[PDB]
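Down below is the structure, laid out as structure tokens.
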Amino acid sequence: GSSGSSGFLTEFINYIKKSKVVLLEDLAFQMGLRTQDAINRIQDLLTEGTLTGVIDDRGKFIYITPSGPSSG
């Protein structure tokens, strides 16, 4: 359990799970943050494994989460 002003990370991840299709360009717009900033966070989380996804030649983010059983 992370301590301090930790919340944007937890809320950001939860949003991705629910969100079927999330774009990096749109992500920064909705969150206000910059595209590069948003991408950096996604790449970091995906690198550690915290999140699993793939990027296409269109620099788009595609998350594939199992609908229904939220256990693992």
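FYI the Cβ positions are ideal-geometry reconstructions off the backbone, even for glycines, and counts take in every protein chain you see. Rule-based calculations on the coordinates, nothing more; no lab input.
All conditions but one from (1) in contact with a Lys or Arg (Cβ under 8 Å, 6 or more places away or on another chain); (2) outside any loop (DSSP other than H, G, I, E, B); (3) not acidic (D, E) apply to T65; the one that does not is (2). Among the candidates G49, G53, the residue that is free of Cβ contacts under 8 Å to residues at least 60 places away in the same chain and touching a strand residue (DSSP E or B) at 6+ places or on another chain (Cβ under 6 Å) is uniquely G53. Per the listing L23, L51, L46, the residue uniquely in contact with a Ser or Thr (Cβ under 8 Å, 6 or more places away or on another chain) and among the hydrophobic types (A, V, I, L, M, F, W, C) is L46.
Could you grab me the full set of residues in the range 1-22 that are without any contact (Cβ under 8 Å) to a residue 40 or more places away in the chain, of a type in the set (S, T, Y) and outside any helix (DSSP H, G or I)?
Scanning the range 1-22 gives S2, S3, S5, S6.
Taken together, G32, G7 contain a single residue that is at positive phi, out of contact with any strand residue (DSSP E or B) (no Cβ under 6 Å at 6 or more places or on another chain) and not hydrophobic (A, V, I, L, M, F, W, C), which is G32.
Quick one: count up the residues across the range 12-41 that are within 21 Å of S70 (Cβ to Cβ) and surrounded by 11 or more Cβ atoms within 10 Å (Cβ to Cβ).
Count: 8.
Against the list (1) touching a strand residue (DSSP E or B) at 6+ places or on another chain (Cβ under 8 Å); (2) assigned to a helix (DSSP H, G or I), the condition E25 fails is (1). With respect to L51, is the statement that it is of a type outside the set (V, I, T), within 12 Å of the chain's Cα centre (by Cα), part of a helix (DSSP H, G or I) and surrounded by 12 or more Cβ atoms within 10 Å (Cβ to Cβ) true? Here the answer is no, as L51 does not meet what is asked.
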